[PDB]
Amino acid sequence: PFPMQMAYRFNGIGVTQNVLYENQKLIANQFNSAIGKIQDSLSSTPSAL
Amino acid sequence: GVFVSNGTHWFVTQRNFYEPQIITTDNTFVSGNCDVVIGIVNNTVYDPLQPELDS
Ligand SMILES: *[C@@H]1O[C@H](CO)[C@@H](O)[C@H](O)[C@H]1NC(C)=O
């Protein structure tokens with residue numbers, strides 16, 4: 001499960017599993033918001049590529 | 001490790017090889033309560049001190 005896999009990824013940078021599970025709702029929003037800015041960053045300035 | 005279940009019981013095993021173990025207090029660590037975590041399940045965690053405390 002992707003909720004569980006990120007706990008593996010978190011556990012691989014020195015942060016315990018329970019940090020993700022307790023804040024999964026916040027983290028999902030942070031991941032989604034950051035992805036959205038990618039389209040704008042390419043769409044705004046054409047010098048990106 | 002990762003918690004697994006054969007459909008009847010629950011075990012903890014290393015994530016890379018199926019070596020199921022009894023969920024004792026030493027096999028896990030505790031942080032919080034049942035509220036925050038999404039997807040938590042109900043089960044029993046064995047305590048190694050029960051036979052020593054009883055006897
Ligand atoms: C998994 O998805 C199912 C879809 O039927 C849903 O009912 C359930 O609440 C979800 N369980 C967890 C642990 O996320």
# chains A, B, ... in the order shown; residues from 1 in each chain; ligands from 1
>>> residues_near_ligand(ligand="ligand 1", cutoff="8 Å", atoms="only C-alpha atoms and all ligand atoms", output="ChimeraX atom specification")
/B:38-40
>>> residues_around(residues="segment 27-32 of chain B", least_positions_apart="6", cutoff="9 Å", atoms="only C-alpha atoms", output="NGL selection string")
(:A and (18 or 22)) or (:B and (1 or 12 or 21 or 45))
>>> residues_around(residues="residue 19 of chain A", least_positions_apart="3", cutoff="12 Å", atoms="only C-alpha atoms", output="number ranges by chain")
A: 4, 6-11, 13-16, 22-27; B: 31-32, 36-37
>>> residues_around(residues="residue 18 of chain B", least_positions_apart="6", cutoff="12 Å", atoms="only C-alpha atoms", output="compact mmCIF listing (two decimals) with N, CA, C and O atoms, in the first residue's frame")
# COMPACT_ATOMS: atom_id res chain seq x y z
N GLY B 1 10.09 -4.31 10.45
CA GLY B 1 9.27 -5.32 9.82
C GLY B 1 7.92 -4.76 9.43
O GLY B 1 7.65 -3.58 9.57
N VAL B 2 7.08 -5.66 8.93
CA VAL B 2 5.74 -5.33 8.46
C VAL B 2 4.77 -6.34 9.05
O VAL B 2 5.07 -7.53 9.13
N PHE B 3 3.61 -5.85 9.49
CA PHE B 3 2.59 -6.74 10.03
C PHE B 3 1.91 -7.50 8.90
O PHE B 3 1.52 -6.92 7.89
N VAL B 4 1.78 -8.82 9.07
CA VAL B 4 1.10 -9.65 8.09
C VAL B 4 0.08 -10.53 8.80
O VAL B 4 0.11 -10.68 10.03
N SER B 5 -0.81 -11.10 8.01
CA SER B 5 -1.89 -11.93 8.53
C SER B 5 -2.23 -12.99 7.50
O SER B 5 -2.50 -12.66 6.34
N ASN B 6 -2.23 -14.25 7.92
CA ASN B 6 -2.62 -15.35 7.04
C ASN B 6 -4.13 -15.50 6.93
O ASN B 6 -4.60 -16.55 6.48
N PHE B 11 1.04 -11.60 12.45
CA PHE B 11 2.46 -11.80 12.70
C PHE B 11 3.22 -10.56 12.25
O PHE B 11 2.73 -9.77 11.45
N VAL B 12 4.43 -10.41 12.77
CA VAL B 12 5.38 -9.42 12.30
C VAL B 12 6.52 -10.17 11.63
O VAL B 12 7.01 -11.18 12.15
>>> atom_distance(atom1="atom CA of residue 55 of chain B", atom2="atom CA of residue 43 of chain B")
24.8 Å
>>> atom_distance(atom1="atom CA of residue 47 of chain B", atom2="atom CA of residue 10 of chain B")
15.0 Å
>>> atom_distance(atom1="atom CA of residue 7 of chain B", atom2="atom CA of residue 51 of chain B")
27.6 Å
